[PDB]
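Colleague:
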Amino acid sequence: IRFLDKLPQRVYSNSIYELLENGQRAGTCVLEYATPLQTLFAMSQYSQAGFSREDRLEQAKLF
Amino acid sequence: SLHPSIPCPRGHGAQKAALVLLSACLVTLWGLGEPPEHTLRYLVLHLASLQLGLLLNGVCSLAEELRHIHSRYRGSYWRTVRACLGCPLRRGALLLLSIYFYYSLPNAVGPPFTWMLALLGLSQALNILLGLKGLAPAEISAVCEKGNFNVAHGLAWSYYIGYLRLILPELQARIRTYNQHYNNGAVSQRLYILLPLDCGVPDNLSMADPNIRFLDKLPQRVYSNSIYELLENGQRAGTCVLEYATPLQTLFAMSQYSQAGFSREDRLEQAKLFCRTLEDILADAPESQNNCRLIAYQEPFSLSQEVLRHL
Ligand SMILES: CCn1nc(C)cc1C(=O)Nc1nc2cc(C(N)=O)cc(OC)c2n1C/C=C/Cn1c(NC(=O)c2cc(C)nn2CC)nc2cc(C(N)=O)cc(OCCCN3CCOCC3)c21
Ligand SMILES: CC1(C)C(=O)N(Cc2c(F)cccc2Cl)c2cc(C(=O)NCc3c(F)cc(F)cc3F)ccc21
């Protein structure tokens, strides 16, 4: 998965990524992560959450 | 040398022609072999008459320039005399030479002193009233350009001082930042200024030629510069920051109105002169460190091909 180009355009920048299959680009797509999962992880890191790793995985699946 | 139609700065052809004429006249005089002292007398008398006529014309000009002294010559008569008759001491010496030569050298073909003065005054009055001593447009343009008395020079310098010098130092950094943001192609780092000799500046650049198409607003008082990519046989081959020359648009608007006294041929002359003046300024300016180029053209053809060949 390698970055190719910032998709042209309230200002959303979606980096597109090409997919190397044995070194050859089988295609490309607009690919991105899910930020609520990152917020769940950061919730689990902090101590003012009461939100453990077991609960973090449970909430990730439920989300 | 931007365009085949842009005039070159005036050469020394007039002085070359004068030297050719002087050589021919010397050949003729040596062939005829007339008494040289008579020739000296005649030439000195002719120059004296011409100088005194110029003195009379300057006096006539001073007669009206005396009323502008408070607002144009800071209320000093010496400034008015200098502006109406050139350098005072040089012309006074020439006039004294004329008077002494005429009063010493007899005039074989010429009036006495009072008769010559009266005839010269009459001729000066006739030339003033009838406009016989008329200024040819070629010499008018030569003098205006030599002394920088053209609207195009002022417009070009205003365009430089107000806009170009402010944005060129940071245009390189802005283009580098944009190219780092949008990668893959890349955008040329040099500004491109359009210069249609016909002064046709459409609001939309793509309307003039579909091959040139807007790409993105370049990131940044507030300078909104639009970048354009050029279509070659349906596919883009290059891209650059391309904007129109607003002073040419102002020149066209000046030509549109009926109070500027600014005709279409005058608009063509000032367009060419603006192109040349901006060429010189951006050639010697420090801010134009190979940073700006002018696409000067005229439709009698595609602009995009010319911009590509520039790229
Ligand atoms: C001066 C150089 N020059 N000589 C000739 C001939 C043509 C130009 C030229 O092209 N100049 C120019 N073009 C710009 C384009 C952009 C952009 N965003 O793309 C940004 C710029 O800088 C802000 C631009 N500048 C410089 C500043 C320009 C205009 N302006 C002036 N008038 C002059 O300076 C002036 C002096 C003489 C003589 N003639 N003129 C103008 C005809 N007073 C201003 C006061 C304010 C304020 N603080 O309130 C804001 C200003 O600018 C906002 C206008 C932006 N409009 C401009 C037109 O198009 C659309 C965007 C002011
Ligand atoms: C170059 C050459 C040979 C020449 O072609 N002329 C024209 C000309 C005349 F004008 C007059 C007669 C014969 C010729 Cl031939 C000329 C004139 C003088 C001269 O002293 N002119 C006095 C003078 C005027 F005559 C009229 C005037 F309004 C003011 C003035 F001061 C000297 C040399 C020449």
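Those sequence lines, one after another, are chains I and C. If you count by the entry's author numbering, then the first sequence holds residues 219 to 227, 238 to 291, one letter each, in order. If you count by the entry's author numbering, then the second sequence holds residues 5 to 188, 192 to 227, 238 to 317, 323 to 333, one letter each, in order. Beta carbons: idealized from backbone N, C-alpha and C, even for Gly.
On the premise that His7/C lies in contact with residue 318/C, defined as a C-beta separation below 8 Å, what is that separation, rounded to the nearest angstrom?
Modeller: Residues lacking coordinates in chain C include everything strictly between 317 and 323, among them residue 318/C.
Colleague: Going by Cα to Cα distance, which pick from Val31/C, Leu121/C, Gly96/C is closest to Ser53/C?
Modeller: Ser53/C has its Cα closest to that of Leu121/C, out of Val31/C, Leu121/C, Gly96/C.
Colleague: Using only the alpha-carbon positions, how far apart do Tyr240/I and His185/C sit?
Modeller: Each residue's Cα considered, the two are about 13 Å apart.
Colleague: Would you tell me roughly how many angstroms separate the C-alpha atoms of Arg197/C and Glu260/C, rounded to the nearest one?
Modeller: Computed Cα separation, rounded: 12 Å.
Colleague: Please report the distance separating the alpha-carbon of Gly166/C from that of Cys257/C.
Modeller: About 22 Å.
Colleague: Among all the DSSP beta bridges, which residues are the ones paired with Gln252/I?
Modeller: BP columns for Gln252/I point to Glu249/I.
Colleague: Using the three-state DSSP reduction, which class does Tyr314/C fall into: helix, strand or coil?
Modeller: In this structure, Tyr314/C counts as strand in the three-state DSSP scheme.
Colleague: Does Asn183/C have its Cβ less than 9 Å from a Cβ in chain I?
Modeller: Judged by the 9 Å Cβ criterion, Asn183/C is not in contact with chain I.
Colleague: Can you name the residues that DSSP bridges to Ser195/C?
Modeller: DSSP, once it has assigned bridges, lists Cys257/C as partnering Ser195/C.
Colleague: Could you give the first and the last residue of the continuous alpha helix (DSSP H) run that contains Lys20/C?
Modeller: From DSSP, the alpha helix (DSSP H) with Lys20/C extends over 17-36.
Colleague: In or out: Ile144/C buried (at least 16 other Cβ within 10 Å) or exposed?
Modeller: That one is exposed.
Colleague: Got a sec: is the Cβ-Cβ distance from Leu248/I to anything in chain C below 9 Å?
Modeller: No, no contact with chain C.
Colleague: Are the beta-carbon atoms belonging to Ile10/C and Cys292/C less than 9 Å from one another?
Modeller: Result yes, Cβ atoms of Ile10/C and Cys292/C sit closer than 9 Å.
Colleague: Chain I partners of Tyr167/C, CB-CB under 9 Å?
Modeller: Going along chain I, no residue has its Cβ under 9 Å from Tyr167/C, so there is no contact; the nearest lies around 28 Å.
Colleague: Just checking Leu59/C against ligand 2 - is the residue's beta carbon closer than 8 Å to any of the ligand's heavy atoms?
Modeller: Every heavy atom of ligand 2 is 8 Å or more from the Cβ of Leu59/C, so no.
Colleague: How about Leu225/C and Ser243/C: do their beta carbons lie closer than 9 Å?
Modeller: In contact: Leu225/C and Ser243/C (Cβ atoms closer than 9 Å).
Colleague: Given a cut-off of 9 Å on the beta-carbon distance, is the pair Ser326/C and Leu248/C in contact?
Modeller: Yes, these two residues count as a Cβ contact at 9 Å.
Colleague: State the Cα-Cα distance for the pair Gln276/C and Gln266/C, rounded to the nearest angstrom.
Modeller: C-alpha separation (whole angstroms): 17 Å.
Colleague: Using three-state DSSP, classify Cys309/C as helix, strand or coil.
Modeller: Note: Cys309/C maps to strand in three-state DSSP.
Colleague: Leaving out five residues before and five after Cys29/C in sequence, what residues of the same chain have Cβ atoms less than 7 Å from its Cβ?
Modeller: Taken in chain order, the list of residues that qualify is empty.
Colleague: Residues in the same chain with beta-carbon distance under 8 Å from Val329/C, minus the five sequence neighbours each way, listed in chain order, please.
Modeller: Same-chain partners within the cutoff: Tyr199, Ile219, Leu247, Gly255, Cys257, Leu259, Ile312.
Colleague: Of all Cβ atoms in chain I, is any one closer than 9 Å to the Cβ of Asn242/C?
Modeller: Not one chain I Cβ lies under 9 Å of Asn242/C.
Colleague: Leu201/C to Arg281/C, Cα distance in whole Å?
Modeller: The straight-line gap from Cα to Cα measures roughly 20 Å.
Colleague: Could you check where the alpha helix (DSSP H) with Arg238/I kicks off and where it finishes?
Modeller: Counting along the chain, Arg238/I falls outside any alpha helix (DSSP H), and DSSP gives it neither H nor E.
Colleague: Opposite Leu201/C in the DSSP bridges: which residues?
Modeller: DSSP lists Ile312/C as partners of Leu201/C.
Colleague: Taking CB distances under 9 Å as the criterion, tell me whether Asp283/I reaches chain C.
Modeller: Not closer than 9 Å to any Cβ of chain C, the Cβ of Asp283/I fails to qualify, so no.
Colleague: Between the region 60-78 of chain C and the region 123-133 of chain C, do at least 3 Cβ pairs fall closer than 8 Å?
Modeller: Touching, yes.
Colleague: Alpha carbon to alpha carbon, how far is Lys150/C from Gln19/C? Give it in angstroms, no decimals.
Modeller: Roughly 15 Å separates the two Cα atoms.
Colleague: Near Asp216/C, which residues of its chain fall below 7 Å by C-beta distance, leaving aside the five closest residues on each side in sequence?
Modeller: Only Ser324, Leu325, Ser326 meet the Cβ criterion.
Colleague: Name the two residues that bound the continuous alpha helix (DSSP H) containing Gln55/C.
Modeller: Its alpha helix (DSSP H) spans residues 40-69.
Colleague: Tell me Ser243/C's beta-bridge partners as DSSP assigns them.
Modeller: The partner list for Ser243/C (beta bridge, DSSP) reads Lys224/C.
Colleague: Output yes or no for whether 9 Å exceeds the beta carbon distance between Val155/C and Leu299/C.
Modeller: Their beta carbons are not under 9 Å apart, which means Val155/C does not touch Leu299/C by this criterion.
Colleague: Out of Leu47/C, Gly192/C, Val147/C, point me to the one whose CA is closest to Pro13/C's CA.
Modeller: The residue with the shortest Cα to Cα distance from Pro13/C is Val147/C.
Colleague: If you follow the alpha helix (DSSP H) that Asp297/C is in, where does it begin and where does it stop?
Modeller: Counting along the chain, the alpha helix (DSSP H) containing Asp297/C begins and ends at 281-301.
Colleague: In whole angstroms, what separates the C-alpha of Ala270/C from that of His157/C?
Modeller: Their backbone Cα atoms lie some 17 Å apart in a straight line.
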